[PDB]
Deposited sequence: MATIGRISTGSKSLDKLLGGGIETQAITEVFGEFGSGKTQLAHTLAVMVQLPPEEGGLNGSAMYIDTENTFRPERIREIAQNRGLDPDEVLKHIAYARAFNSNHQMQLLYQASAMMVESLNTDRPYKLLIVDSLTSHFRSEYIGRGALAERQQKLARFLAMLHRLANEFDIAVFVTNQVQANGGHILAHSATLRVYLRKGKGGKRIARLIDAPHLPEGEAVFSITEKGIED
């Protein structure tokens, strides 16, 4: 049974078929400021909510490769969603990735953390990798070896722990993001085999992301 995490946006959830799916890797790509990082932050809060509110009562793991994680943004999203910001921050496991090899290494200390948490009322239900390729790009056919291997460990983790894997870039589900007018963002499903290739409009607000 696939679990779905609400993005915060009805329009975006509809395009995704209800939300980002567990046992799958959602890959969101676009230029900087396109909403990819705002969506990752909103998901780290949403996952924590009960299923009736668009969550999976789960914990989140935020792997950061380019200093994109902002706890005061988590605080804001949580506050404006009527949650305790301190409790929300508590169930978001932040790990910084210093290079591609350490990035892959973190998947293993993600597994260790996911086991200890499995028999709790808040097991991990989301693993964010913001961004997937930055270290691979800046360090290197080869690099293409070490990449599709990293994606393999991500899949193992998604199936192994019934977690949604959410990656940003510039797999399962590729979503192209772009800025719109005025401060709106536009999403577009790419090569989706089970969903139609439409578009959805969403806003970056105080609640993270919404219509």
Handout entry: Sequence ranges without modelled C-alpha atoms (deposited numbering)
Key = 1 to 2, 143 to 148, 179 to 190
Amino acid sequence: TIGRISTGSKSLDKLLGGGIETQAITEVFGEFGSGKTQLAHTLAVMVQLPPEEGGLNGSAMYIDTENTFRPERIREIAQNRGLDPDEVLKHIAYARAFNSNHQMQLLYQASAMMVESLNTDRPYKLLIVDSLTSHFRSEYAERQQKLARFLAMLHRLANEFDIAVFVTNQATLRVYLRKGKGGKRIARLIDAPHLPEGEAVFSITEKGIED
From here on, numbers count along this sequence of modelled residues.
Completion exercise
Assert higher mean C-alpha B factor (146 to 154 or 46 to 54, deposited values) equals 146 to 154
Practice task
Between 185 to 193 and 7 to 15, name whichever shows the higher mean Cα B factor according to the PDB entry.
Solution key: 185 to 193
Problem - Most elevated Cα B-factor in the entry, residues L107, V88, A93, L126 - result: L107
Practice task
Identify, among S131, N101, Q79, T120, the residue whose C-alpha carries the highest B-factor in the deposited PDB entry.
Solution key: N101
Fill in the blank from the handout: For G30, the third of its chain by CA B-factor is the middle
Completion exercise
Tertile call for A171 (CA temperature factor, within chain, third-based) is the highest
Exercise for the section: Ordered by C-alpha B-factor within the chain, which third holds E160? Give me lowest, middle or highest, please. Expected result: highest
